[PDB]
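Heads up, the Cβs are rebuilt from the backbone with ideal geometry, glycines too, and the neighbour counts pull from every protein chain shown. Each reported figure results from applying straightforward, stated rules to the coordinates on display, with no laboratory input.
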Amino acid sequence: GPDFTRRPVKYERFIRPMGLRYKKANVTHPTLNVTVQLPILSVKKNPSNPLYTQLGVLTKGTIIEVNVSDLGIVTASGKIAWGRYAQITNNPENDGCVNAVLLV
Amino acid sequence: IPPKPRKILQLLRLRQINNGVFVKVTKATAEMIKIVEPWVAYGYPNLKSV
Amino acid sequence: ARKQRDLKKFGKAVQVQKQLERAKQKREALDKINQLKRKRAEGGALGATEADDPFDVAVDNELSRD
Amino acid sequence: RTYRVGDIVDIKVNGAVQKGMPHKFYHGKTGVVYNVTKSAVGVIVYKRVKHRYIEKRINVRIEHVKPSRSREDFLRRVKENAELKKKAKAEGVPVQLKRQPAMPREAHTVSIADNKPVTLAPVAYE
Amino acid sequence: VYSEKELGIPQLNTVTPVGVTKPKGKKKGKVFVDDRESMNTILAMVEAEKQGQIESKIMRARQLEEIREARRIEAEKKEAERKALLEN
RNA sequence: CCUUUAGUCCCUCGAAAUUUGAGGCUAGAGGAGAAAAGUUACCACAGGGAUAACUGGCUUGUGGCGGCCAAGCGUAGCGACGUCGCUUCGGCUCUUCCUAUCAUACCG
RNA sequence: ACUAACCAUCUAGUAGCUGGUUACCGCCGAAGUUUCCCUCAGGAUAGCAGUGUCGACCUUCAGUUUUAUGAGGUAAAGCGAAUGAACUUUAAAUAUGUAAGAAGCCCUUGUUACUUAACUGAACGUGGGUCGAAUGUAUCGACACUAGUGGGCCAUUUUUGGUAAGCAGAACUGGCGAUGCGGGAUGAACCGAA
């Protein structure tokens with residue numbers, strides 16, 4: 001996410017290379033059958049290692065929070081949704097991209 | 001050979017190969033032979049065999 | 001000395017138990033995520049942005065409120 | 001349930017209570033008791049290493065421990081054994097007090113009238 | 001090497017008095033230090049320890065003397081507090 | 001004492017007028033005791049346990065994810081080809097071998 | 001004020017470490033393991049092997065079957081039996097614990113400091129009744145003493161978990177370790193057979 005940040009001494013030894021960073025993902029909407037490239041906002045839970053969640057590691061089955069403002073989903077209150085969970089459904093390490101399905 | 005068939009062969013006096021014994025048929029004895037089938041050939045002898 | 005002697009001979013068994021437990025935690029986490037997937041698909045009721053609390057209380061609250 | 005010392009008991013191991021859970025090997029085993037406490041009961045279970053039996057002294061609770069009927073046949077056999085032996089002496093006819101192991105069957109005839117055989121096929125086509 | 005605090009080692013009476021000892025695992029009452037006079041006494045000892053070795057005999061005496069006057073002022077201040085609380 | 005859950009639209013307070021928010025009630029959930037205690041797939045140091053270390057009919061030209069279709073298996077689930085959606089290093093070498101052929105030969 | 005070299009001797013200095021450790025034949029012959037103490041490469045006990053003494057004479061025992069009874073009700077059949085893996089009359093395959101005599105079971109009335117409302121129970125005593133499945137048995141047990149052992153590798157079956165695939169861990173059994181021979185052209189892990 002942020003261009004420059006200062007990390008705690010806990011994690012100041014885990015170096016994450018530039019080439020392995022991703023900012024967007026191909027996210028599929030199950031109900032409205034379409035997929036749009038949506039930016040990634042935050043990593044919520046990596047169900048393999050709590051450290052990976054803190055480090056932002058994107059593996060298969062990882063829950064991420066994405067910006068769904070372009071799709072224009074209308075909530076029960078009549079507002080337009082701006083952020084929803086999405087589960088990565090691929091292996092970004094083997095396939096040079098992130099694919100997710102929206103949890104809607 | 002598993003330990004269970006080993007004990008039965010000792011109880012039937014079948015210590016070496018081509019050893020023969022006479023057994024009277026009985027549910028006590030019938031089940032014993034049925035466990036040592038992969039090692040024994042048995043049947044009903046006639047008067048000439050006896 | 002006594003405590004190290006138990007750590008002496010139980011060391012490898014604790015290794016395998018830890019691996020088994022970590023795999024189990026993976027299964028429960030994926031189950032809870034999969035349970036949320038069914039609930040949203042069946043019905044639900046959200047706001048504009050997702051809940052600010054961590055992704056263990058938020059899932060527990062949502063699966064409880066039904 | 002009132003259990004005394006020296007009685008043969010059975011262990012069932014139920015999952016209702018997590019306290020005092022024994023190992024799977026000790027589950028479903030029969031042994032004798034050697035000490036009785038308020039809640040736990042100690043039993044002796046001897047297990048083969050390869051030939052020799054080593055007596056594990058484990059503790060189990062009432063909800064898993066139940067008595068056994070292993071000896072009950074033996075006491076049943078001796079009581080009738082006494083009864084017919086005295087009974088046989090009275091009238092004066094011999095009686096047989098050992099149990100014979102299921103001798104083979106003898107010869108007989110089976111009639112076909114009103115019981116005609118039904119022919120079968122390897123795979124039923126009905 | 002293990003700390004004597006970790007081990008339950010009894011306290012020993014020496015030329016330094018043990019004083020009134022407190023039971024283990026119980027409320028050792030917090031005695032707050034907030035007066036300027038009480039802080040001055042602690043500060044003088046800290047400064048003396050950091051300075052360390054002084055070659056001048058007179059300068060060594062003055063460093064010890066300022067701690068003595070700090071102690072005297074603190075004792076006088078705490079005495080006046082006791083009198084005011086006891087009387088009023 | 002505050003916060004969440006469901007309820008009668010049961011009472012009070014505030015707001016706007018043609019409606020709300022916060023309290024209150026019913027019963028579920030959170031918060032021996034200033035001495036210290038618990039906890040972490042994290043860090044630093046010290047130590048301990050399993051382990052010499054990897055690959056051997058391996059490799060090569062056509063991506064992943066989701067939907068539609070789909071012979072079958074089966075009696076909901078797996079399901080290919082297509083289509084849609086998102087995008088240590090360099091140089092030096094001689095002999096021989098391989099073809100996954102740059103050239104020369106012949107063909108479509 | 002304070003606190004190099006060579007020669008001979010103490011010295012055949014100190015090792016848990018390296019290398020070595022001398023005819024033949026016969027007989028008996030293993031273990032690689034449970035448990036406890038202790039951190040300083042370890043001890044004790046038990047197991048395996050053997051010797052001596054004593055007691056019984058297949059006396060008695062047994063990695064076995066049968067019988068009875070547990071934990072597995074797991075398959076199956078039916079619902080023209082009821083009810084509805086969680087249903088049942090019945091019941092699989094499969095291993096598996098316990099018990100099967102005179103070293104035994106019940107009754108009985110004398111005492112007892114135990115107990116009971118009580119000669120009432122319990123213990124201590126008395127008497128009573130083909131020795132109570134099969135098969136095998138090249139003996140069984142008790143005590144004392146003595147030496148070598150404290151590893152594991154592979155495979156079947158069951159089972160826990162995981163990977164794209166590998167794989168990792170438990171329980172039993174078997175093969176190899178101390179084993180020659182026949183076969184698979186050859187050969188730690190295969191088949192036959194010692």
Cα pair distances exceeding 18 angstrom across chain B, given as percent: 28 percent
Largest fluctuation, A:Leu71, A:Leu32, A:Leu58 only, Gaussian network model of chain A with Cα springs under 10 angstrom, belongs to A:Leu32
About the Cα centre, and with charges only on the beta carbon of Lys, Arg (+1) and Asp, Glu (-1), how big is the dipole of chain B? Nearest 20 debye, please. 140 debye
Please check: in the Gaussian network model of chain E (C-alpha springs, under 10 Å), which one of E:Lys24, E:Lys78, E:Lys57 has the largest mean-square fluctuation. E:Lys24
Please state the relative contact order of chain A as a whole percent: Cα pairs under 8 Å, 6+ residues apart? 25 percent
Given only helices, namely DSSP H runs of n ≥ 4 each adding -39500 (n - 2.57), what is the per-residue ellipticity at 222 nm of chain A, to the nearest 500 deg cm²/dmol? -1500 deg cm²/dmol
Check: region D:56-126 dipole with +1 on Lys, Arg Cβ and -1 on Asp, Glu Cβ, in debye: 880 debye
Compare A:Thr75, A:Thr89, A:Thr28 in a GNM of chain A, Cα atoms joined below 10 Å, and give the one with the largest fluctuation. A:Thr75
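Tally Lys and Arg at +1 and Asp and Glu at -1 over the other residues with C-beta under 10 Å from the C-beta of D:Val17: what net charge comes out? It would help to have the intermediate numbers written out before the result.
On the way: positive: D:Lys19, D:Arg61; negative: D:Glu63.
Its environment carries a net charge of +1.
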Longest principal axis of chain D (C-alpha) makes with the long axis of helix D:72-91 (C-alpha) an angle, in degrees to the nearest 10, of 50 degrees
Residue order, fewest to most beta carbons within 10 Å, for A:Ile40, D:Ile58: D:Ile58, A:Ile40
Toy charge model, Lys and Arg Cβ at +1, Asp and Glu Cβ at -1: the protein assembly as shown dipole around Cα centroid in debye, rounded to 20, equals 3400 debye
Which value results when the Cα radius of gyration for region D:14-80 is divided by 2.2 N^0.38 Å? 1.33
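More than 22 angstrom separation, counting every C-alpha pair in chain A; what % is that? Before the final figure, lay out each step's value.
Details: 1795 of 5356 pairs.
Of the Cα pairs, 34 percent sit more than 22 Å apart.
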Using helices alone, I'd like the mean residue ellipticity at 222 nm for chain D: each DSSP H run of four-plus residues gives -39500 (n - 2.57), total over residue count, nearest 500. -5500 deg cm²/dmol
